[PDB]
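# Inside the fold
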Number of protein chains: 2
Amino acid sequence: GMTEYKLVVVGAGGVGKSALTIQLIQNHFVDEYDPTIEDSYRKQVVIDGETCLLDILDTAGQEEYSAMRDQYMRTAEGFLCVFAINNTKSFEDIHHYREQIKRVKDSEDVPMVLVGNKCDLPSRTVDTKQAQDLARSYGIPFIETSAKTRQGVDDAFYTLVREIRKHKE
Amino acid sequence: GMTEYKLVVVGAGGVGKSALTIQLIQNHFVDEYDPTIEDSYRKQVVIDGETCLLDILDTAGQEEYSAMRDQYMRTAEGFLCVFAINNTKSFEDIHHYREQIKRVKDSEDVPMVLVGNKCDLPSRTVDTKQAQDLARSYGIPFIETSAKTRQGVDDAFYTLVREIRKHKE
Ligand SMILES: Nc1nc2c(ncn2[C@@H]2O[C@H](COP(=O)(O)OP(=O)(O)O)[C@@H](O)[C@H]2O)c(=O)[nH]1
Ligand SMILES: Nc1nc2c(ncn2[C@@H]2O[C@H](COP(=O)(O)OP(=O)(O)O)[C@@H](O)[C@H]2O)c(=O)[nH]1
Ligand SMILES: [Mg+2]
Ligand SMILES: [Mg+2]
């Protein structure tokens, strides 16, 4: 049937993983989303003229057991690694998330996008060059996003889908 | 195996995409064809003395998933972009369709014809020069048609096929 793409959003708490998911799914910005809510979202889209379904797991803290986490991490085809451009710690924490994906997927070639969220905020502590440099080093795309403005949210998810398509071609 | 040309008709609802297809297929003008109906038509024709088959998808621009739509947009060889000369909005909407075509065909060199329909009407708000100028900008032909009078309907479709023949030359 219709192609399904299983995506997982990873990153340090507070970077805007839920705001980005919900912007994509529900086309609105939520100012408060309880940190501990972990859940998956399905949305039909058209990417480069291809009608497909995005199956997205919005991840929370790595403390608590999630039955959903097990299946997705196992079966996921693509990952958004999200940092916040006003959170230096979160950008420093990116290599971790990527090394955990490689280990769980037992593979050095997992489709991934590097996402710098909160581009709507005027004091960046993580600049464009540093983000471009990391992504280049990983051989993945970097996309600047605002969950509040919708800036580049579609771009990030569509770029991961395109990255998955190339992993099969 | 007889040569098949897969054509897709695109444009804003109400420009006469269905009227033009049915004029070509059934050699009559239909005043009432459900705006939301999308389907494909196959018709044997003779172009410049070549007996070929036209496989045309008359698009309705609907939301629900259609495997046939996806197949046609991916496998198509040529596109009619249709506006109505008494519909300024529809001519303004032409760039959107061309950009969708570029994205799905993964190319900036896709056989295309710009079609200005309803030249039987005296209330023209989109003049010949502006249509010629857009087509020149895109590097494609512009053809004036009337589904009701059957003016240039054959010309529109046969012009697209010739454009496809040159792409494959
Ligand atoms: N200005 C701004 N605030 C954002 C953005 N994304 C998330 N936020 C806010 O940052 C906080 C954390 O967002 P949340 O989605 O809970 O983060 P998560 O735990 O990483 O999923 C909330 O107050 C959000 O409203 C963004 O792009 N811009
Ligand atoms: N006068 C005139 N009316 C037309 C012409 N082509 C279509 N129509 C009418 O305009 C409307 C739109 O036609 P339709 O085929 O439904 O457009 P579509 O939605 O683009 O497929 C219908 O009421 C048609 O009868 C034309 O060349 N001249
Ligand atoms: Mg959250
Ligand atoms: Mg129609």
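As a numbering rule, every chain is indexed from 1 in the order its sequence is written, which need not reproduce the entry's residue numbers; residues that lack coordinates are not presented. Chains and ligands are labelled by the order in which they are written, letters from A for the one and numbers from 1 for the other. In this entry, the chains presented are a subset of a larger assembly, and the associated values cover only that subset. Only heavy atoms go into the side-chain values, all of them from the structure, while hydrogens and water stay out. Residues with missing side-chain atoms are left out of burial classes, side-chain pairs and their counts.

In terms of determination method and resolution, the entry is listed under X-ray crystallography at 2.00 Å.

Cut-off, in case you're wondering: UniProt positions are given in the numbering used here, feature names are shortened, and annotations may be inferred rather than shown by experiment.
By the naming in the PDB entry, chain A is GTPase KRas, taken from Homo sapiens. Word for word, the UniProt comment on chain A under Function (literature references left out) is "Ras proteins bind GDP/GTP and possess intrinsic GTPase activity. Plays an important role in the regulation of cell proliferation. Plays a role in promoting oncogenic events by inducing transcriptional silencing of tumor suppressor genes (TSGs) in colorectal cancer (CRC) cells in a ZNF304-dependent manner." Looking at the Sequence similarities heading of the UniProt record, one finds this comment for chain A: "Belongs to the small GTPase superfamily. Ras family."

### Concerning the nonpolar core
Our working rule: Within this scheme, the nonpolar core is defined by two criteria: the residues are buried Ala, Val, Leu, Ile, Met, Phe, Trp, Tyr or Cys, and they are joined through side-chain atoms within 4.5 Å. The cut-offs for exposure are 20% and 50% of the maximum accessible area for each residue type, with area from a 1.4 Å probe on protein chains only; residues under the lower value are buried, those over the upper are exposed, and the others partly exposed. Throughout, a contact is declared for two residues whenever any of their heavy atoms are within 4.5 Å.
Counting residues in hydrophobic clusters, the biggest one holds 56 residues, and the most contacted among them are B:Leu54, B:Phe83, B:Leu114 and B:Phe157. Among residues more than four places away in sequence, those in contact with B:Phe157 are B:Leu7, B:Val9, B:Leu20, B:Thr21, B:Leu24, B:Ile56 and B:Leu80. Core analysis: the second largest hydrophobic core is formed by 54 residues, A:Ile25, A:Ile56, A:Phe83 and A:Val126 among them.

### Concerning the packing of helix α1 (residues 17-26) of chain B against helix α6 (residues 153-167) of chain B
What describes two packed helices is the angle between their axes and the distance between those same axes. Residues and elements named next belong to chain B. How we decide: A fitted line through C-alpha atoms serves as each axis, taken over the contacting stretch for helices, and the angle formed by two N-to-C directions is quoted from 0 to 180°. Strands are runs of DSSP state E lasting at least 2 residues, helices are runs of H or I lasting at least 4, and numbering of each runs from the N terminus. With respect to orientation, any angle under 35 degrees is reported as roughly parallel, any angle over 145 as roughly antiparallel, any angle of 65 to 115 as roughly perpendicular, and every other angle as oblique.
Taken N-terminus to C-terminus, the directions of α1 and α6 make an angle of 90°; their axes are 10 Å apart at the nearest point. As the angle between them shows, α1 and α6 are arranged roughly perpendicular. On α6, the residues touching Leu 20, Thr 21, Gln 23 and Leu 24 of α1 are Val 153, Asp 154 and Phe 157.

### Topic: the site of ligand 1
Residue and element names in this part refer to chain A. Our working rule: Distances are taken per atom, and a residue is near a molecule or strand as soon as one of its heavy atoms is within 4 Å of it. By the criterion applied in these results, polar contacts are pairs of N or O atoms within 3.5 Å in which, for protein atoms, one can donate a hydrogen and the other can accept it, and in which residues neighboring in sequence qualify only through two side-chain atoms. Per-residue and other accessible areas follow the Shrake-Rupley method at a 1.4 Å probe size, with only the shown protein chains counted as cover for residues. Any residue with an atom within 4 Å of a point lines the site, the site being either a cavity, points on a 1 Å grid over the protein atoms alone where a 1.4 Å probe fits but cannot get out, or a pocket, an open set with protein on both sides within 12 Å along at least 5 of 7 lines. To decide whether a molecule occupies a pocket or cavity, check its atoms: if more than half lie within 2 Å of the grid points, it is inside.
As a structural note, the neighbourhood of ligand 1 is formed by 18 residues, with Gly 16, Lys 17, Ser 18, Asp 31 and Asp 120 the closest of them. One nitrogen or oxygen atom from the main chain of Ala 147 is found 3.0 Å from an oxygen atom belonging to ligand 1. When ligand 1 sits alone it has 580 Å² of accessible area, and the protein chains cover 81% of it. In a pocket analysis with a 2 Å cut-off to the grid points, ligand 1 is assigned to the second largest pocket.

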